[PDB]
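Just the one chain here, the form deposited in one PDB entry, laid out as structure tokens.
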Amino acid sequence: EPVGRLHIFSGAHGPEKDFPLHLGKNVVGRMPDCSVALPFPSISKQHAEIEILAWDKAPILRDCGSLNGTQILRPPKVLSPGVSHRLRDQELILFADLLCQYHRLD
């Protein structure tokens, strides 16, 4: 039933984990209510949003005004708050210092 997966690689925070992604707004943040809950001090309560709409295959990543930022690698830059970045399958992203990878599902 999910349309994507976000994989968080193992690091200082702990072991690897996967998070299902659904159509609509997938909020990344430290809060337990978040679609992608990352309860780590470097992560803001509402850190970022991955919006997946049925009418476009590419998710839209936006930073939500986080302290430590959201970084993409195509090209390497910290995202300006609110500006859309369109994600490609298998794209790697950093939330603060946490490395993640987006996967499109069949």
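Definition used throughout: the rigid core is the maximal C-alpha set that superposes within 1.5 Å between two forms. Numbers follow the displayed sequence, beginning with 1.
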Problem - Between stretches 38 to 46 and 52 to 60, more displaced by Cα RMS in 4 other deposited structures of this protein (rigid core superposition) - result: 52 to 60
Problem - Higher-deviation segment by CA RMS in 4 other deposited structures of this protein, core fitted, 26 to 34 or 68 to 76 - result: 68 to 76
Completion exercise
Once average C-alpha B-factors are taken from the entry for 18 to 26 and 79 to 87, the winner is 79 to 87
Exercise for the section: Give the stretch, out of 63 to 71 and 47 to 55, with the larger mean C-alpha temperature factor in the deposited entry. Expected result: 63 to 71
Handout entry: Among modelled residues of the same chain, the CA temperature factor third for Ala96
Key = middle
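Quick note: we don't show the form deposited with a partner chain bound, though the next part is all about it.
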Problem - Exercise: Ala54 in contact with its partner chain in the bound PDB entry, heavy atom 4.5 Å - result: no
Handout entry: Close approach of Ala37 to its partner chain in the bound PDB entry, 4.5 Å, heavy atom
Key = no
Exercise for the section: Answer with yes or no whether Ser44 is in contact with its partner chain in the bound PDB entry, where contact means some heavy atom within 4.5 Å. Expected result: yes
Practice task
Evaluate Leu21 for contact with its partner chain in the bound PDB entry, applying a 4.5 angstroms cut-off between non-hydrogen atoms, and reply yes or no.
Solution key: no
